[PDB]
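This report concerns only the one structure given below.
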Amino acid sequence: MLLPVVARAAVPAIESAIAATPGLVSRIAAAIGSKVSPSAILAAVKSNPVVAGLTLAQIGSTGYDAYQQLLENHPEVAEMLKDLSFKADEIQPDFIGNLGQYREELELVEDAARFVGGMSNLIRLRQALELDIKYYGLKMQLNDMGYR
Amino acid sequence: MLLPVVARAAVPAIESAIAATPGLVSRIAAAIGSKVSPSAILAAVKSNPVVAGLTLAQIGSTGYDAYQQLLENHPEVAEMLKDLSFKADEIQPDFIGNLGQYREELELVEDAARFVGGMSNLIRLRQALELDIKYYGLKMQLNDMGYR
Amino acid sequence: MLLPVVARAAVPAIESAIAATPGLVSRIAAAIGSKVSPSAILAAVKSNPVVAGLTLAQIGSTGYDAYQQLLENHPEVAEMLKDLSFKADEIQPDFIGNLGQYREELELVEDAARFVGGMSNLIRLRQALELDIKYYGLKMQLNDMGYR
Amino acid sequence: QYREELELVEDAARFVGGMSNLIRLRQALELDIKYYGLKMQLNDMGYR
Amino acid sequence: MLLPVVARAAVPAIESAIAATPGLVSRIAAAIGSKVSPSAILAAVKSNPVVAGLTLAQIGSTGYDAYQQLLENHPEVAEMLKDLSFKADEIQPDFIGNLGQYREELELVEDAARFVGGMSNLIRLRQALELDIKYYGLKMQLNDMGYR
Amino acid sequence: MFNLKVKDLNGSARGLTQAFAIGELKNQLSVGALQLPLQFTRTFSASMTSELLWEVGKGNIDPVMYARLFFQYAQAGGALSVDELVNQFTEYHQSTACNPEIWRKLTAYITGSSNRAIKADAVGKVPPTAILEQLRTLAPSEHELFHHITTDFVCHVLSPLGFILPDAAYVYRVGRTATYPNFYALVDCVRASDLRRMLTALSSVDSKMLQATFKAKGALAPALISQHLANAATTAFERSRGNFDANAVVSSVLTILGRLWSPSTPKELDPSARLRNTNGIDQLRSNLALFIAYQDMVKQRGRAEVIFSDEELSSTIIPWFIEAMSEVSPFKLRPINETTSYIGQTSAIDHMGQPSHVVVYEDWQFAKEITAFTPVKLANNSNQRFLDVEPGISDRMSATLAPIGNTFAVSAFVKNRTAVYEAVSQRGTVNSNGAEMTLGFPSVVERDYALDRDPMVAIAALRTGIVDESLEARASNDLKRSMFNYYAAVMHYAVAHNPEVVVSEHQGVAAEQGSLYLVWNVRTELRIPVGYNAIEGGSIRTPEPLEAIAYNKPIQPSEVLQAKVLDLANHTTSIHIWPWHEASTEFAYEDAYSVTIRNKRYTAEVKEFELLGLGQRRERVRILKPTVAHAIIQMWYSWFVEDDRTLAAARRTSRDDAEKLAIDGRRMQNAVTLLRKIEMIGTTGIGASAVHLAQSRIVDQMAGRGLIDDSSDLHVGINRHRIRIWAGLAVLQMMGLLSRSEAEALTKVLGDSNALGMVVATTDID
Amino acid sequence: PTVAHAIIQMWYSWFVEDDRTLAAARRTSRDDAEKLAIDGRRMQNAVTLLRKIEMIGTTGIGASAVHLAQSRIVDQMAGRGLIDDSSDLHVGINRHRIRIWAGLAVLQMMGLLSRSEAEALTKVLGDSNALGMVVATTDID
Amino acid sequence: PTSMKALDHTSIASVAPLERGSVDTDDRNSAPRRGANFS
């Protein structure tokens with residue numbers, strides 16, 4: 001059973017999305033596997049929190065607050081919901097050959113990073129060398145006047 | 001009696017539902033067992049949380065937030081209210097005979113699962129074997145660069 | 001090699017099915033993977049009990065008795081033939097969401113059955129309470145006359 | 001021409017188990033997703 | 001992954017920013033480097049909290065409360081967002097270099113000075129990296145001829 | 001309880017008949033036409049061996065039990081055979097012993113230095129899990145049991161040097177060994193000796209010289225370690241090489257025993273007087289486990305062929321097999337009177353002397369210890385978990401089960417069967433059918449409980465001979481092994497109690513060349529045959545091993561049969577990989593006691609944690625299953641119900657007066673001893689606590705209704721004897737020892753006799 | 001305690017420099033029995049650091065912090081209403097975690113070692129995977 | 001506070017059984033069984 005804290009945020013959002021468009025109803029009926037009626041898929045949402053998370057993932061505009069609150073209050077559903085919710089992030093044809101050309105560069109970046117410190121130390125040192133020479137003159141003037 | 005946090009959301013809900021339509025008043029008078037006057041049913045709601053949950057089940061549009069808030073604040077009412085508010089669903093005639101065709105095949109799925117590991121491990125293995133080959137090449141290429 | 005005890009009843013049934021129709025000969029030739037000629041598939045039946053069982057699965061109108069005889073003689077052909085003969089049945093789209101609506105109610109059946117005893121004890125108690133009052137009166141009058 | 005194919009089949013059978021286990025695993029990974037959802041739901045209701 | 005507590009306040013803020021103006025596309029393409037589509041940058045925000053902090057720091061209309069909330073929730077991104085959130089303040093024409101604006105830049109110069117050593121050592125290394133490539137070849141050819 | 005007709009023994013019990021053992025699906029098997037006498041005096045039986053737990057993560061190599069783990073991984077793991085398993089292990093060991101790079105790379109890893117020597121003080125520690133995880137990468141295989149046997153070899157040779165941590169441990173279970181050897185088991189006992197010769201050369205590597213030069217010099221190069229390991233690996237590989245086929249040794253030594261056992265061998269193929277005078281053939285000729293293994297060989301194979309040179313090779317292959325057997329093995333040679341002494345027999349006798357019913361039973365010892373553990377994971381999606389025993393629950397249930405073992409003997413069950421069959425007997429001879437035989441083997445139902453198997457399929461296997469193909473391999477492979485054991489144990493009992501055995505040769509249908517079978521020459525002094533044979537001449541010739549039991553006298557068992565409990569208490573720190581879930585059960589229970597006090601019903605619920613001394617419902621704990629206790633109690637229950645049904649069937653058709661009073665007095669005496677038994681159970685640890693809790697739940701419910709205290713002379717005694725019977729049923733309900741259907745039927749049997757009334761009628765005084 | 005703080009600071013600096021030189025020398029070997037020698041040496045140092053920190057964490061104040069942090073989580077979890085605690089907290093990862101935490105927190109409650117130094121010295125064992133390849137613990141109680 | 005997040009993400013050296021089975025049975029609890037009725 002789904003928690004009432006999740007249900008208060010989950011049920012009216014699904015009802016509002018169905019009242020906004022009924023074209024999502026057959027989509028979520030085919031995705032979850034229930035009868036096409038809103039009463040039946042709402043019974044499925046109230047019965048099973050995995051089905052609730054699947055519906056709140058299928059409707060994507062208004063269900064993000066309810067989805068993240070379900071993810072807060074039911075922490076154990078996350079692994080199985082991530083297993084069921086998987087879509088192939090489509091790869092580019094030139095991506096692996098374009099990636100293989102950067103070994104020349106990343107090794108130099110990591111070696112300079114080990115010499116300096118962290119990657120944060122490298123970024124701050126690169127910003128210090130990118131910064132103007134007037135600041136070096138100004139800090140020399142403050143050190144001559146006494147400001148450390 | 002009834003908690004005031006519940007009452008502040010339940011009483012204007014039921015009163016607004018009666019003001020919206022009066023045909024539900026005789027319906028909740030027959031379902032709960034009170035006199036058909038709104039003062040009598042509202043005093044019954046303020047007196048008894050079981051009667052309050054029955055009224056908030058008989059009105060469903062404007063009373064879902066108040067019903068779930070009563071279910072939050074009154075944990076002791078839940079089983080008794082679910083036992084009183086119960087309607088048996090109708091069964092399809094062909095359901096058990098259609099289910100009997102699948103015994104030969106859920107056993108196949110379980111014998112696959114006992115080999116693979118978890119049911120989640122089976123789902124992830126089936127996704128990895130359905131996955132494209134460029135991801136295998138990308139795994140081998142990142143390991144070829146010296147990244148793990 | 002197929003044993004003669006099976007072969008005596010297995011060969012003429014397949015031969016009579018071929019003499020009934022040759023349209024199944026191309027089916028069994030494409031199913032096993034032998035030549036389309038009847039002598040070649042009959043030699044395959046005589047030389048391999050697995051091929052014989054696949055033919056007695058393709059035709060089962062007259063070859064049911066020969067199939068049972070090869071079943072009772074060799075167990076290993078059945079252990080392999082259950083794996084080689086598998087058709088995944090069609091599943092309804094509404095099946096799992098339809099089955100979700102019965103969770104509320106099979107639980108109620110089991111919570112009654114644990115109290116009454118067995119499933120048969122529940123069914124007999126249901127029939128005894130649904131039975132007519134005159135049977136209770138007949139029971140009381142036979143006890144009144146001194147019978148048990 | 002089939003030495004390339006039979007070697008891969010027998011190497012897969014060495015990992016899986018028997019050839020019967022290989023046939024059953026190939027059928028399971030060829031099987032539709034609705035059966036996996038059905039088994040998950042019967043396990044969710046409390047049925048092993 | 002991204003925290004749901006801060007995600008509920010971070011996603012609709014940048015969603016309302018994108019729905020208000022489409023001029024942030026060049027900003028999220030140049031600052032992050034993600035793909036130009038609005039779904040890819042939103043997936044990048046949902047995957048990477050550093051990218052989320054960059055998208056909260058690139059605007060200051062409504063995302064300031066979400067940026068402070070992410071700063072209070074995840075302290076490990078604080079120094080990295082402080083490092084990537086650096087704009088070289090050009091010049092104030094007067095003499096008084098007040099620490100309302102220049103404190104970060106003089107602190108960054110003094111952090112680089114604590115790394116290197118002397119302030120003159122930092123200026124010397126700044127100049128040596130500013131110099132031409134040919135002086136390295138000249139020093140190398142003098143050290144090759146037998147002089148040091 | 002398995003009931004069979006000794007006359008229609010084909011359709012009755014085909015799974016134990018010798019016609020089925022040598023391939024007769026029909027009933028056609030000859031009486032002793034052409035005959036040749038023989039006297040068996042030895043047998044290869046296994047010891048009193050049950051399953052146990054053994055750990056592998058330490059630096060020891062125990063060669064006999066690595067051989068046993070090969071047995072269980074090859075057979076009980078669904079693999080091919082231990083012959084193929086030892087063949088692939090020899091290939092693996094050859095590849096790692098004839099390769100010098102591996103013994104350098106994984107000494108560079110576990111010493112830390114490739115080229116330079118190590119000092120005696122700068123010696124660190126690497127755990128064996130790490131060296132296993134890199135041995136998996138360097139020397140790959142598909143069987144973990146090779147990587148374990150390499151790992152603890154190198155840990156054995158480095159453990160005095162101090163390069164390894166002694167911390168981790170790791171445990172598997174070993175399985176149940178059969179008592180009587182199959183043909184395949186003889187093949188495997190020949191391969192296991194060669195594997196033991198392999199492994200005992202690895203077990204003797206000392207590194208004493210390496211340790212001595214380490215101490216004397218102060219340093220050593222890694223090349224000395226890499227030589228000193230790769231020399232010992234090849235000294236075991238030299239033992240590995242140059243062996244015989246176990247199949248072609250056993251098939252050749254069983255075929256010549258067939259050709260000098262049979263009476264109708266051709267003169268052409270016939271062992272000459274050299275190999276017949278081989279030293280040891282006179283001992284392998286008078287051996288019985290080899291006879292039943294020969295029957296199984298020619299059953300499976302169909303025929304037999306010789307490969308070896310039949311004059312001088314085979315006269316020196318035989319003592320190799322004699323050494324393989326006479327080595328410490330599972331199977332040891334014993335006299336024939338020793339192996340089957342737990343069987344007992346009794347019969348029900350006519351006035352002429354003829355049996356009507358004959359009962360054959362196993363004499364058991366009630367095991368009365370019990371353990372409760374809890375499973376604790378290590379990491380998610382990893383079944384490496386280990387499990388903690390809990391005293392204070394196992395101690396309670398042990399102290400409850402220890403009095404129940406003092407009232408459930410096995411001799412006192414057949415001793416009650418005989419009193420039933422002597423009390424319901426008429427005066428009239430038995431001619432229409434042979435003496436029906438019941439055989440009470442608790443081990444059948446005990447394995448049905450242990451493997452979670454339906455008892456219908458085991459009874460069907462013993463009845464129609466064949467096993468089922470629907471059920472899985474880990475239950476079918478134990479069903480067939482168990483069924484071979486029952487056939488073999490029956491023939492050992494029959495030959496040890498009728499030593500006058502004469503070997504024939506079946507050639508009626510003759511689907512083989514020669515397949516042998518014994519006949520018996522038991523003298524009877526009877527006149528009408530039980531079974532179907534001819535009784536002519538003062539003695540009967542019967543082919544079947546069960547009729548020869550049906551003509552014996554009562555026999556008394558000299559040895560109990562013992563099953564021991566598994567060991568979770570000693571090694572409680574190791575992690576457990578064996579399936580603990582099939583051999584443990586979930587333990588939760590609810591019961592309620594109802595009594596009417598002056599037209600008002602009072603009910604008292606009770607839970608299991610309230611009985612166990614707990615306050616909080618714990619839900620993780622699991623009991624290791626008591627299959628021996630449950631099997632003995634199930635045999636007792638089925639016999640009690642069957643005896644009551646036969647007396648209720650005979651009381652209706654008695655048609656007499658004194659015999660009718662005898663049947664009624666027998667039923668009353670029966671039910672009151674049942675009631676006293678359950679009531680004596682209900683005074684134990686869990687039972688007395690259930691009494692003291694249910695009384696309190698009843699008394700605080702009579703609080704509102706003021707009622708007058710009763711006589712407190714008989715009323716206390718009656719309500720005490722009713723609450724103790726309830727508690728005595730409830731404790732055997734809550735432990736797995738009794739189903740609710742059978743507790744309810746047993747309550748109906750006790751209720752319809754007015755047994756509590758007849759017990760309270762002897763606590764009055766007139 | 002300036003002398004003891006000096007000794008432990010010199011130890012920490014030399015110990016981090018040893019891992020830096022080993023991890024730098026493995027990448028430039030191009031030789032299998034040298035890559036295995038360096039990968040063996042790193043594991044062989046990481047397990048000794050784990051043994052030293054746990055021998056500290058099972059002394060007086062370390063054992064007291066172990067008992068206190070276990071007891072407060074037991075009382076909190078029994079108040080929460082679920083008592084899987086004495087099972088799930090005496091196990092191969094969640095006992096090494098609490099012993100190593102206590103052995104570092106005694107050094108932080110003294111002057112002897114800083115919190116960022118303790119966190120980097122933690123990240124060493126977190127990266128060497130020597131926390132899950134040991135499992136056993138020799139306690140002093 | 002002293003963070004343990006780097007120490008948290010480890011792995012245990014997995015090693016296979018001789019016999020499979022009993023895999024997904026980690027977290028399941030059926031209802032308690034009743035006793036028979038008494039009379």
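Residue names in the structure tokens use chain letters A, B, ... in the order shown, residue numbers from 1 in each chain, and ligand numbers from 1 in the order shown.
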Handout entry: Shell around stretch 19-36 of chain H at 9 Å using only C-alpha atoms, local window under 4 positions removed, as an NGL selection string
Key = (:B and (113-115 or 117-119)) or (:C and (114-115 or 117)) or (:D and (46-47)) or (:F and (72-73 or 76-78 or 375 or 377 or 383 or 577-582 or 586-592 or 619-620 or 729-730 or 733-734 or 739-744 or 747))
The selected residues should be written to file as a compact mmCIF listing (two decimals), in the first residue's frame (atoms: N, CA and C atoms).
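And here is the file that came out, part_30.txt:
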```txt
# COMPACT_ATOMS: atom_id res chain seq x y z
N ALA B 113 15.79 -17.44 -13.22
CA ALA B 113 16.15 -16.56 -12.11
C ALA B 113 17.04 -17.25 -11.10
N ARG B 114 16.81 -18.54 -10.85
CA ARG B 114 17.66 -19.28 -9.91
C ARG B 114 19.09 -19.40 -10.42
N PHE B 115 19.28 -19.38 -11.74
CA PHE B 115 20.62 -19.38 -12.29
C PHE B 115 21.24 -17.99 -12.24
N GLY B 117 20.42 -15.14 -10.55
CA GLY B 117 20.56 -14.49 -9.27
C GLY B 117 19.23 -13.92 -8.81
N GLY B 118 19.17 -12.62 -8.62
CA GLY B 118 17.91 -12.00 -8.31
C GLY B 118 17.04 -11.86 -9.54
N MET B 119 15.77 -11.53 -9.29
CA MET B 119 14.90 -11.12 -10.38
C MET B 119 15.40 -9.82 -11.00
N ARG C 114 -7.73 -19.83 7.07
CA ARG C 114 -6.88 -20.13 8.22
C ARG C 114 -7.70 -20.36 9.48
N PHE C 115 -8.83 -19.67 9.61
CA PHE C 115 -9.67 -19.84 10.79
C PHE C 115 -10.51 -21.10 10.70
N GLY C 117 -10.03 -23.81 8.79
CA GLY C 117 -9.28 -25.04 8.70
C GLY C 117 -8.70 -25.25 7.32
N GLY D 46 2.68 -11.67 -2.21
CA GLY D 46 3.04 -12.67 -1.23
C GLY D 46 2.77 -14.09 -1.67
N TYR D 47 3.33 -14.49 -2.81
CA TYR D 47 3.16 -15.84 -3.32
C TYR D 47 4.48 -16.34 -3.89
N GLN F 72 30.65 -34.57 -4.79
CA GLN F 72 29.41 -33.82 -4.66
C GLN F 72 29.26 -32.76 -5.75
N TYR F 73 30.37 -32.16 -6.19
CA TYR F 73 30.26 -31.17 -7.25
C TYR F 73 29.97 -31.81 -8.60
N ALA F 76 26.16 -34.29 -7.46
CA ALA F 76 25.05 -33.51 -6.93
C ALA F 76 25.02 -32.08 -7.44
N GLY F 77 25.96 -31.68 -8.28
CA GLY F 77 25.91 -30.38 -8.89
C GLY F 77 25.33 -30.36 -10.28
N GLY F 78 24.95 -31.51 -10.82
CA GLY F 78 24.45 -31.57 -12.17
C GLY F 78 25.51 -31.65 -13.24
N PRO F 375 19.85 -15.69 9.84
CA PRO F 375 20.75 -15.38 8.73
C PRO F 375 21.10 -13.90 8.62
N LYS F 377 23.25 -11.15 6.31
CA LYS F 377 23.90 -10.89 5.04
C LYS F 377 25.28 -10.25 5.22
N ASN F 383 25.22 -13.66 -2.06
CA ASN F 383 24.70 -14.72 -1.21
C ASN F 383 25.77 -15.33 -0.32
N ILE F 577 28.00 -20.93 2.35
CA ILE F 577 27.61 -20.88 0.96
C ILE F 577 26.61 -21.98 0.60
N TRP F 578 26.61 -23.08 1.34
CA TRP F 578 25.69 -24.18 1.12
C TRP F 578 24.25 -23.72 1.35
N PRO F 579 23.26 -24.37 0.70
CA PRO F 579 21.87 -23.91 0.87
C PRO F 579 21.32 -24.21 2.25
N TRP F 580 21.29 -23.15 3.07
CA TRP F 580 20.75 -23.21 4.41
C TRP F 580 19.23 -23.09 4.41
N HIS F 581 18.64 -22.67 3.30
CA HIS F 581 17.21 -22.39 3.27
C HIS F 581 16.38 -23.62 3.01
N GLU F 582 16.94 -24.61 2.31
CA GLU F 582 16.23 -25.86 2.12
C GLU F 582 16.24 -26.70 3.39
N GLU F 586 10.77 -21.85 8.72
CA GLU F 586 10.22 -20.70 9.42
C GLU F 586 9.32 -21.17 10.55
N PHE F 587 9.40 -20.48 11.68
CA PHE F 587 8.81 -20.94 12.92
C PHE F 587 7.88 -19.87 13.50
N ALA F 588 6.59 -19.98 13.24
CA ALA F 588 5.61 -19.05 13.79
C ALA F 588 4.29 -19.79 13.91
N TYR F 589 3.47 -19.41 14.89
CA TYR F 589 2.39 -20.29 15.31
C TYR F 589 1.38 -19.51 16.15
N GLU F 590 0.11 -19.91 16.04
CA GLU F 590 -0.97 -19.34 16.84
C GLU F 590 -1.94 -20.45 17.23
N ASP F 591 -2.35 -20.47 18.50
CA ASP F 591 -3.31 -21.49 18.90
C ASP F 591 -4.27 -20.87 19.91
N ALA F 592 -5.35 -21.60 20.22
CA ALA F 592 -6.41 -21.06 21.07
C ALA F 592 -7.16 -22.18 21.76
N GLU F 619 11.32 -12.15 14.14
CA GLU F 619 10.85 -12.66 12.87
C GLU F 619 11.96 -13.13 11.93
N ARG F 620 13.20 -13.18 12.38
CA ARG F 620 14.28 -13.57 11.48
C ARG F 620 14.69 -15.01 11.71
N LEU F 729 -1.09 -31.53 22.48
CA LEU F 729 -1.25 -31.44 21.04
C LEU F 729 -0.64 -30.16 20.48
N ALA F 730 -0.70 -29.06 21.23
CA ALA F 730 -0.24 -27.78 20.70
C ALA F 730 1.27 -27.72 20.51
N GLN F 733 2.06 -29.61 17.43
CA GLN F 733 1.64 -28.75 16.33
C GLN F 733 2.66 -27.66 16.03
N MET F 734 3.22 -27.02 17.07
CA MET F 734 4.05 -25.84 16.83
C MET F 734 5.45 -26.19 16.38
N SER F 739 0.94 -32.33 11.47
CA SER F 739 0.12 -31.42 10.69
C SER F 739 -1.20 -31.14 11.39
N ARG F 740 -1.89 -30.08 10.97
CA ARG F 740 -3.13 -29.73 11.65
C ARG F 740 -4.25 -30.68 11.27
N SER F 741 -4.20 -31.24 10.06
CA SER F 741 -5.19 -32.22 9.63
C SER F 741 -5.07 -33.49 10.46
N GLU F 742 -3.85 -33.89 10.76
CA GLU F 742 -3.67 -35.13 11.49
C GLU F 742 -3.84 -34.93 12.98
N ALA F 743 -3.53 -33.74 13.51
CA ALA F 743 -3.92 -33.42 14.88
C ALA F 743 -5.43 -33.36 15.04
N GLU F 744 -6.13 -32.87 14.02
CA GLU F 744 -7.59 -32.77 14.10
C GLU F 744 -8.25 -34.14 13.99
N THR F 747 -7.65 -35.87 17.24
CA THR F 747 -8.58 -35.36 18.25
C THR F 747 -9.97 -35.95 18.06
```
Practice task
For stretch 3-13 of chain H, list every protein, DNA or RNA residue within 10 Å, evaluated using only C-alpha atoms, and leave out those in the same chain fewer than 3 positions away; present the list as a ChimeraX atom specification.
Solution key: /F:129-130,132-133,378-379,382,384 /G:92-94,97-98,100-101,115-116,118-135
Practice task
For stretch 679-683 of chain F, work out the shell of residues within 7 Å, counting only C-alpha atoms and skipping chain neighbours fewer than 6 positions away, then give it as number ranges by chain.
Solution key: F: 404, 724-725, 727-728
Practice task
Kindly give the distance, in Å, that separates atom CA of residue G:59 and atom CA of residue G:138, rounded to a single decimal.
Solution key: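 That distance, rounded to one decimal, is 11.8 Å.
On all C-alpha atoms, the superposed RMSD for chain C relative to chain B stands at 1.2 Å.
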Practice task
Mind checking which residues fall within 12 Å of stretch 33-47 of chain E, counting only C-alpha atoms, ignoring those fewer than 2 positions away in the same chain, and posting them as a ChimeraX atom specification?
Solution key: /A:60,64,68,89-90 /E:1-4,6-8,10-15,17-19,22-31,49-56
Exercise for the section: List the neighbours of residue F:314 out to 9 Å using only C-alpha atoms; skip same-chain residues closer than 6 positions along the sequence, and give me the result as a ChimeraX atom specification. Expected result: /F:249,252-253,275,308
Practice task
Just the residues within 10 Å of residue B:138, please, counting only C-alpha atoms, with nothing from its chain fewer than 5 positions along; format it as a PyMOL selection string.
Solution key: (chain A and resi 95-97+99-100) or (chain B and resi 133+143-144)
Store the residues of this selection in a file with N, CA and C atoms, as a CSV table (one decimal), in the first residue's frame.
```
chain,number,residue,atom,x,y,z
A,95,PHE,N,31.2,8.8,-31.9
A,95,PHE,CA,31.6,9.1,-30.5
A,95,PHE,C,32.8,8.4,-30.0
A,96,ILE,N,32.9,7.1,-30.4
A,96,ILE,CA,34.0,6.3,-29.8
A,96,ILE,C,35.4,6.7,-30.5
A,97,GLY,N,35.3,7.0,-31.8
A,97,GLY,CA,36.5,7.4,-32.5
A,97,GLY,C,36.9,8.9,-32.1
A,99,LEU,N,36.2,10.1,-29.2
A,99,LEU,CA,36.7,9.9,-27.8
A,99,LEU,C,38.2,9.4,-27.8
A,100,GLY,N,38.5,8.5,-28.7
A,100,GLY,CA,39.9,7.9,-28.7
A,100,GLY,C,41.0,8.9,-29.0
B,133,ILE,N,26.1,-2.8,-29.3
B,133,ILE,CA,27.5,-3.3,-29.2
B,133,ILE,C,28.5,-2.2,-29.0
B,143,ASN,N,38.7,1.2,-20.9
B,143,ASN,CA,39.7,0.3,-20.2
B,143,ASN,C,41.0,0.3,-21.0
B,144,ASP,N,40.9,0.6,-22.3
B,144,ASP,CA,42.1,0.7,-23.1
B,144,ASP,C,42.9,2.0,-22.8
```
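The residues of chain F lying at most 12 Å from chain B, with only C-alpha atoms taken into account, are residues 380, 381, 382, 383, 470, 471 and 472 of chain F.
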Using only N, CA, C and O atoms, please write the residues we just selected to a file, as a compact mmCIF listing (two decimals), in the first residue's frame.
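For reference, result_8.txt as written:
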```txt
# COMPACT_ATOMS: atom_id res chain seq x y z
N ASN F 380 24.51 -6.61 -0.27
CA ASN F 380 23.33 -6.81 -1.09
C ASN F 380 23.72 -7.36 -2.46
O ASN F 380 24.77 -7.03 -3.00
N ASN F 381 22.84 -8.21 -2.99
CA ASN F 381 23.07 -9.00 -4.21
C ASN F 381 24.34 -9.83 -4.11
O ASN F 381 25.14 -9.91 -5.05
N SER F 382 24.55 -10.45 -2.95
CA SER F 382 25.65 -11.37 -2.73
C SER F 382 25.21 -12.38 -1.69
O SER F 382 24.86 -12.00 -0.56
N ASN F 383 25.22 -13.66 -2.06
CA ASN F 383 24.70 -14.72 -1.21
C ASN F 383 25.77 -15.33 -0.32
O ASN F 383 25.70 -16.52 0.01
N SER F 470 8.96 -35.30 -14.35
CA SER F 470 8.54 -33.92 -14.19
C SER F 470 9.37 -33.20 -13.15
O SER F 470 9.68 -32.02 -13.32
N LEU F 471 9.72 -33.88 -12.07
CA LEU F 471 10.43 -33.22 -10.99
C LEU F 471 11.91 -33.06 -11.34
O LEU F 471 12.43 -33.67 -12.28
N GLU F 472 12.59 -32.21 -10.58
CA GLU F 472 13.89 -31.71 -10.98
C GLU F 472 14.99 -32.73 -10.69
O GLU F 472 14.76 -33.81 -10.12
```
Exercise for the section: Using only C-alpha atoms, determine which residues of chain D fall within 10 Å of chain A; present them as an NGL selection string. Expected result: :D and (34 or 37-38 or 41 or 44-45)
Pull N, CA, C and O atoms from the residues just selected and write them as a PDB file, in the first residue's frame.
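Contents of out-v7.pdb, as written:
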```pdb
ATOM      1  N   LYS D  34       6.084  -9.083 -20.146  1.00  0.00           N
ATOM      2  CA  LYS D  34       4.850  -9.173 -19.372  1.00  0.00           C
ATOM      3  C   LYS D  34       4.876 -10.334 -18.395  1.00  0.00           C
ATOM      4  O   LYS D  34       4.312 -10.236 -17.303  1.00  0.00           O
ATOM      5  N   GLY D  37       6.827  -9.145 -15.416  1.00  0.00           N
ATOM      6  CA  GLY D  37       5.963  -8.311 -14.593  1.00  0.00           C
ATOM      7  C   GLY D  37       4.922  -9.103 -13.827  1.00  0.00           C
ATOM      8  O   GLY D  37       4.606  -8.774 -12.678  1.00  0.00           O
ATOM      9  N   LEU D  38       4.420 -10.182 -14.427  1.00  0.00           N
ATOM     10  CA  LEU D  38       3.453 -11.042 -13.758  1.00  0.00           C
ATOM     11  C   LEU D  38       4.086 -11.765 -12.578  1.00  0.00           C
ATOM     12  O   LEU D  38       3.470 -11.879 -11.506  1.00  0.00           O
ATOM     13  N   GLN D  41       4.534  -9.371  -9.781  1.00  0.00           N
ATOM     14  CA  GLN D  41       3.323  -9.003  -9.060  1.00  0.00           C
ATOM     15  C   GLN D  41       2.838 -10.121  -8.147  1.00  0.00           C
ATOM     16  O   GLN D  41       2.365  -9.844  -7.035  1.00  0.00           O
ATOM     17  N   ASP D  44       4.859  -9.801  -5.256  1.00  0.00           N
ATOM     18  CA  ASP D  44       4.488  -8.621  -4.482  1.00  0.00           C
ATOM     19  C   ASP D  44       3.285  -8.891  -3.593  1.00  0.00           C
ATOM     20  O   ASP D  44       3.210  -8.388  -2.468  1.00  0.00           O
ATOM     21  N   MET D  45       2.335  -9.683  -4.076  1.00  0.00           N
ATOM     22  CA  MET D  45       1.181 -10.032  -3.260  1.00  0.00           C
ATOM     23  C   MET D  45       1.501 -11.055  -2.182  1.00  0.00           C
ATOM     24  O   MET D  45       0.666 -11.281  -1.305  1.00  0.00           O
TER      25      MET D  45
END
```
Exercise for the section: Just give me the gap between atom CA of residue C:63 and atom CA of residue F:24 in Å, one decimal is fine. Expected result: 26.6 Å
Problem - Nearby residues (only C-alpha atoms) at most 10 Å from residue D:30, same-chain spacing under 5 positions excluded, as a PyMOL selection string - result: (chain B and resi 126) or (chain C and resi 88) or (chain D and resi 24-25)
